[PDB]
Structures are given as structure tokens and as C-alpha cells.
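Just below is one structure, and these are the notes that go with it.
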Amino acid sequence: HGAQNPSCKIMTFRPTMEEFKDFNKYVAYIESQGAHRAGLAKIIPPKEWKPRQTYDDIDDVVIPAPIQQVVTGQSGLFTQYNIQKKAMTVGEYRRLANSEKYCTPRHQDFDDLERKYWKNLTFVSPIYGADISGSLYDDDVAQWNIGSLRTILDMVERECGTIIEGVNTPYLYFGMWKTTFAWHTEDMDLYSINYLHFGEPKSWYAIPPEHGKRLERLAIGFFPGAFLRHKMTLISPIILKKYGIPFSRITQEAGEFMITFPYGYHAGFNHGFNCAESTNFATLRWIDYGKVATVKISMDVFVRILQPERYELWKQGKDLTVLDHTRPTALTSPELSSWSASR
Ligand SMILES: CN(c1ccccc1)c1ccc2c(c1)CCC[C@H]2CNc1cnccc1C(=O)O
Ligand code: NI
């Protein structure tokens, strides 16, 4: 389809509990409304749903590899390095986040906080408890369980048995003020789902996938060298607004879901102490996004099973298609139904 979200605005969704029970079905719905055209969409769950009953058992959890984020650069163009530090607990990380050195500054509004982020990026290197293999969900949670979404990304584990952490498994993100994730797309241009468990907000910048190539030309212009897959390049919105790169901004609060879409470039930072949970997933539409992307997943099993008419032409390298970033995804295909019956 097309012309659903022609402005490519970041859309916010508030489903009822009945719309919330099927995860894959609701992803097809928000794409039928055009959420995928912004590269990022917010999902506000109903109040009856709570992923964990209490967050007081978490002080003794281990953060195996925290990273000190050292950012260099000037004039809205930066490069961040991630130096690994010693292990610590969440209680220690919380006391370090609210330390005077790392605490959230005084700010009038977000515009003030955004200004102080890009002004004080170089001066202090914050600690980010990122990429922790684990989950904070309860076991009985059956709706939107990040540890088990039951999408077609399970074909990797169900057929080839490969398990990739942060992609097949959930990751945990304990943050503090100024902790940043750089401009990037998900591995193999996969989807991603991020849920903010508790704490201070997490802000997102997102570029629509139909303009992602304009950011890639911009970054190549600054460094003469898919190097943005190093995921350590920071670009200020001042620079994007100067060269005409379309982008939108939204703030994710505690208890809200964020979906990133294939070839949706995103970047952002944490306002203060928070905990986020994230994993990757896929719909039927992603298969063509993963094919054009060639952590390296082999797309062979997806094409051999769900695109079998194109398989031999893809092995011969004669399947040259152009992605239509506006087409919504399908919910089911005859090849997918007969595959679930085989398993
Ligand atoms: C450099 N690096 C690397 C690159 C190549 C291979 C191996 C690792 C790397 C990779 C990942 C990260 C960081 C650094 C530094 C903190 C951030 C996380 C990703 N975090 C998010 C991603 N998307 C959305 C949100 C978030 C978030 O912070 O909530
Ligand atoms: Ni990401």
C-alpha cells in the first residue's frame, strides 16, 4: 500500500487488552496505518498489563561489563568509544548514576536538557550498563513478552538452532544521564522492540527508512570511508536540519514500548537512571530487508522456506529488487502456515 503516513510522523498507539494479546497481529495493524514509514513507533500498553510485579529484587543483579562512553568531537559531529570497566551491581550503579558527577542537570524543559546534552557531551564520560544478557519479565507474562515474541525470527533457532544474544535473546540496559546509543540500524535491518521498565525517560531520534540513504551519504561526506555499522557516530540534530535530513524526535517514558522498523536509523540518550529491555524480531516484510543487507545471519533458510520461487535465483545472485519502504507487511502466507504445521 502507501500514502498512509505521507508525512512520516512518529505515531503513538494505545491498544486495548484485546488488541494487545496478539503481538504479530498488532504489528501488521500499525504498519497498515503507516507507522513503519517513520522508522520508529511508540506503543502505550493498557494499564491492566504489567510485565513485572515489583522491581525491588534487582539491587543484587550483576552488570558483567559496564562501559564508559568516551566521546570525542566538535560542532555537532562526534565519535563515541566504549571502554569496558569493572563489574558492578545495580545498587552500585544506581548510587553512581545519582552521584553529583553523573546526575541529571537542572533543566527548564527538554529543549534545555537537549541543549545541555550536546553541549556537555565531551566533558564527562558516563557509565552505561548496556547489553546485559537477561530479562526482568515475570514468567507468566503472555502478552508482549520480550523474551518470547513468537515471530518469524524463531525460524533461525527452530531450524538452524543458532542463538544470538541481543537478537534471539533479550538485553538489559541500565542507564544514567548522557548515556548514548549512536546512529545505527539493527543487525540485518531487523525490527527491534524496546520497553522502559522504570526510571527517567529515554529520548529517541529517528530517520524514516526512505531517507536513510541521505544519512549514509552525510556520514560518508564527513569521514572518507557500511561503516555506520560500527555504531559509534554521533550527529547533532543541528547538522541534520542543516543538510535537510528528515528526522523526528520522541521521548519514551517508563512503561512505554518503542518499535524500530527495518532500515530505521535511530539514536538517542537517557535522561537519568532507567532500565530498558530490548530484543530484535521480524515480520514477513523483513526478509527482503535482510537479503539486501548481505552479526551475520544467513538469509538462506528464510528464502528457501518462505520465498522458494526466488531461492535458486537468489543463490545465483540474480534477484535484484528495490525495497519499497511504504508497503505494509503481511500477517501470514501459505508457506508460513505449512511451516508451523511442520513444527
Ligand atoms: C560500539 N558497539 C558495538 C558495535 C559493533 C559491534 C558490537 C558493539 C555498541 C553496540 C550497541 C550499543 C553500544 C555500543 C553502546 C550503548 C548502546 C548499545 C545499543 N543500545 C541501543 C540500541 N538501539 C536502540 C536503543 C538502545 C539503547 O541504548 O537503549
Ligand atoms: Ni537500536
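The chains in the C-alpha cells are called A, B, ... from first to last as shown; in each chain the residues are counted from 1, and the ligands are counted from 1 in the order shown.
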How would you write, as a PDB file with C-alpha atoms, in the first residue's frame, the set of residues no farther than 7 Å from ligand 1 when counting only C-alpha atoms and all ligand atoms?
```
ATOM      1  CA  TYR A  81      34.197   4.911  22.191  1.00  0.00           C
ATOM      2  CA  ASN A  82      33.021   2.259  24.653  1.00  0.00           C
ATOM      3  CA  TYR A 128      26.261   2.585  30.764  1.00  0.00           C
ATOM      4  CA  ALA A 130      24.330  -1.991  28.463  1.00  0.00           C
ATOM      5  CA  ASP A 131      23.961  -5.312  26.640  1.00  0.00           C
ATOM      6  CA  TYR A 173      20.006  -1.515  29.546  1.00  0.00           C
ATOM      7  CA  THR A 180      24.130   7.383  24.367  1.00  0.00           C
ATOM      8  CA  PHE A 181      23.418   4.852  21.633  1.00  0.00           C
ATOM      9  CA  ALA A 182      24.855   6.051  18.332  1.00  0.00           C
ATOM     10  CA  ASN A 194      12.397  -1.579  23.450  1.00  0.00           C
ATOM     11  CA  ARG A 229      27.516  -0.463  11.381  1.00  0.00           C
ATOM     12  CA  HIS A 230      30.359   0.327  13.785  1.00  0.00           C
ATOM     13  CA  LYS A 231      27.555   2.130  15.679  1.00  0.00           C
ATOM     14  CA  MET A 232      29.730   4.874  17.165  1.00  0.00           C
ATOM     15  CA  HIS A 266      17.742   5.664  15.367  1.00  0.00           C
ATOM     16  CA  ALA A 267      19.892   7.283  18.047  1.00  0.00           C
ATOM     17  CA  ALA A 276      15.276  -0.777  29.403  1.00  0.00           C
TER      18      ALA A 276
END
```
Surroundings of ligand 2 up to 10 Å, based on only C-alpha atoms and all ligand atoms, as a VMD selection string: chain A and resid 181 to 187 189 to 194 231 259 to 261 264 to 268 278 to 280
Spatial neighbours of stretch 235-241 of chain A, 9 Å, only C-alpha atoms, chain gap at least 2 places, as a VMD selection string: chain A and resid 75 to 79 118 182 to 183 205 215 218 to 219 233 243 to 247
Keeping only N, CA, C and O atoms, take the residues you just selected and write them out as an mmCIF file, in the first residue's frame.
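Result file is part.cif:
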```cif
data_model
loop_
_atom_site.group_PDB
_atom_site.id
_atom_site.type_symbol
_atom_site.label_atom_id
_atom_site.label_comp_id
_atom_site.auth_asym_id
_atom_site.auth_seq_id
_atom_site.Cartn_x
_atom_site.Cartn_y
_atom_site.Cartn_z
ATOM 1 N N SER A 75 31.394 20.515 17.271
ATOM 2 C CA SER A 75 30.447 21.139 16.344
ATOM 3 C C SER A 75 29.407 20.143 15.830
ATOM 4 O O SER A 75 29.146 20.043 14.629
ATOM 5 N N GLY A 76 28.807 19.400 16.756
ATOM 6 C CA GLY A 76 27.708 18.519 16.425
ATOM 7 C C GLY A 76 28.082 17.232 15.722
ATOM 8 O O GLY A 76 27.185 16.437 15.409
ATOM 9 N N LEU A 77 29.365 17.001 15.455
ATOM 10 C CA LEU A 77 29.846 15.757 14.865
ATOM 11 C C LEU A 77 30.776 15.090 15.868
ATOM 12 O O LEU A 77 31.772 15.691 16.286
ATOM 13 N N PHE A 78 30.456 13.856 16.251
ATOM 14 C CA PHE A 78 31.168 13.191 17.331
ATOM 15 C C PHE A 78 31.414 11.731 16.981
ATOM 16 O O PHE A 78 30.807 11.167 16.066
ATOM 17 N N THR A 79 32.326 11.127 17.740
ATOM 18 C CA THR A 79 32.608 9.700 17.697
ATOM 19 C C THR A 79 32.747 9.226 19.133
ATOM 20 O O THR A 79 33.544 9.787 19.890
ATOM 21 N N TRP A 118 24.113 18.039 24.101
ATOM 22 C CA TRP A 118 25.058 18.299 23.023
ATOM 23 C C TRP A 118 26.121 19.326 23.392
ATOM 24 O O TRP A 118 27.091 19.482 22.643
ATOM 25 N N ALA A 182 24.519 5.275 19.516
ATOM 26 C CA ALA A 182 24.855 6.051 18.332
ATOM 27 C C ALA A 182 23.929 5.714 17.165
ATOM 28 O O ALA A 182 23.147 4.759 17.205
ATOM 29 N N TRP A 183 24.026 6.525 16.109
ATOM 30 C CA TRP A 183 23.232 6.301 14.905
ATOM 31 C C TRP A 183 23.508 4.920 14.333
ATOM 32 O O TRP A 183 24.656 4.573 14.040
ATOM 33 N N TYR A 205 15.917 9.831 18.556
ATOM 34 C CA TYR A 205 15.881 10.449 17.239
ATOM 35 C C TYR A 205 15.749 9.341 16.203
ATOM 36 O O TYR A 205 16.386 8.292 16.325
ATOM 37 N N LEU A 215 21.254 9.974 5.194
ATOM 38 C CA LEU A 215 22.163 9.994 6.335
ATOM 39 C C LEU A 215 23.462 9.271 6.008
ATOM 40 O O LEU A 215 24.540 9.685 6.452
ATOM 41 N N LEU A 218 25.574 11.508 4.122
ATOM 42 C CA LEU A 218 26.066 12.562 5.005
ATOM 43 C C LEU A 218 27.269 12.095 5.812
ATOM 44 O O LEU A 218 28.265 12.819 5.923
ATOM 45 N N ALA A 219 27.201 10.886 6.375
ATOM 46 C CA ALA A 219 28.303 10.386 7.190
ATOM 47 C C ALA A 219 29.536 10.107 6.342
ATOM 48 O O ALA A 219 30.664 10.358 6.780
ATOM 49 N N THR A 233 28.915 6.691 15.763
ATOM 50 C CA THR A 233 28.922 8.007 15.137
ATOM 51 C C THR A 233 27.751 8.817 15.671
ATOM 52 O O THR A 233 26.601 8.368 15.607
ATOM 53 N N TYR A 243 21.529 20.061 6.553
ATOM 54 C CA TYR A 243 21.639 19.365 5.279
ATOM 55 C C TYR A 243 20.324 18.736 4.830
ATOM 56 O O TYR A 243 20.310 17.993 3.842
ATOM 57 N N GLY A 244 19.226 19.014 5.527
ATOM 58 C CA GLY A 244 17.918 18.597 5.066
ATOM 59 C C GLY A 244 17.564 17.148 5.297
ATOM 60 O O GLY A 244 16.644 16.642 4.649
ATOM 61 N N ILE A 245 18.259 16.459 6.197
ATOM 62 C CA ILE A 245 17.929 15.071 6.513
ATOM 63 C C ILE A 245 16.646 15.063 7.335
ATOM 64 O O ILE A 245 16.621 15.621 8.442
ATOM 65 N N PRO A 246 15.562 14.466 6.840
ATOM 66 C CA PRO A 246 14.327 14.423 7.631
ATOM 67 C C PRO A 246 14.493 13.540 8.855
ATOM 68 O O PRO A 246 15.060 12.447 8.785
ATOM 69 N N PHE A 247 13.994 14.028 9.987
ATOM 70 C CA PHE A 247 14.052 13.266 11.224
ATOM 71 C C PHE A 247 12.978 13.781 12.167
ATOM 72 O O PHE A 247 12.556 14.937 12.080
#
```
Who sits within 10 Å of residue A:291, only C-alpha atoms, same chain under 5 positions skipped, as a count of residues only: 13
Atom CA of residue A:257 to atom CA of residue A:12, straight-line distance in Å: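 Between atom CA of residue A:12 and atom CA of residue A:257 the gap works out to 9.7 Å.
Of note, atom CA of residue A:288 and atom CA of residue A:324 are spaced 9.8 Å apart.
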Expected answer as an MDAnalysis selection string: strand (DSSP E) residues in stretch 57-127 of chain A: chainID A and resid 62:63 67:74 77:84 88:89 127
Going by DSSP on the backbone, which bits of stretch 104-227 of chain A are helix (DSSP H, G or I)? Write them as a short mmCIF file (atom, residue, chain, number, x, y, z; two decimals) with C-alpha atoms, in the first residue's frame, please.
```
data_model
loop_
_atom_site.label_atom_id
_atom_site.label_comp_id
_atom_site.auth_asym_id
_atom_site.auth_seq_id
_atom_site.Cartn_x
_atom_site.Cartn_y
_atom_site.Cartn_z
CA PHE A 110 13.51 19.12 27.28
CA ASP A 111 14.87 21.78 24.91
CA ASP A 112 17.10 22.86 27.79
CA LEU A 113 18.10 19.25 28.52
CA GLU A 114 18.71 18.60 24.82
CA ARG A 115 20.91 21.70 24.67
CA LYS A 116 22.97 20.59 27.69
CA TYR A 117 23.38 17.09 26.23
CA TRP A 118 25.06 18.30 23.02
CA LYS A 119 26.98 20.97 24.97
CA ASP A 154 12.29 -18.03 15.54
CA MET A 155 12.99 -19.89 12.28
CA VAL A 156 16.71 -19.37 12.94
CA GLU A 157 16.57 -21.20 16.27
CA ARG A 158 13.83 -23.66 15.24
CA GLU A 159 15.58 -24.77 12.03
CA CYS A 160 19.30 -23.96 12.39
CA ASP A 187 21.54 -6.18 12.63
CA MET A 188 20.32 -7.42 9.23
CA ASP A 189 17.94 -4.41 9.23
CA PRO A 209 13.79 4.41 6.17
CA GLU A 210 13.00 6.06 2.82
CA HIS A 211 15.57 8.77 3.68
CA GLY A 212 18.15 6.58 5.43
CA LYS A 213 20.43 6.77 2.40
CA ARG A 214 20.62 10.55 2.90
CA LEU A 215 22.16 9.99 6.34
CA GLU A 216 24.58 7.44 4.88
CA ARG A 217 25.76 9.93 2.26
CA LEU A 218 26.07 12.56 5.00
CA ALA A 219 28.30 10.39 7.19
CA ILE A 220 30.47 9.38 4.22
CA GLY A 221 30.86 13.09 3.50
CA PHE A 222 32.43 13.68 6.91
CA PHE A 227 30.94 1.85 8.40
#
```
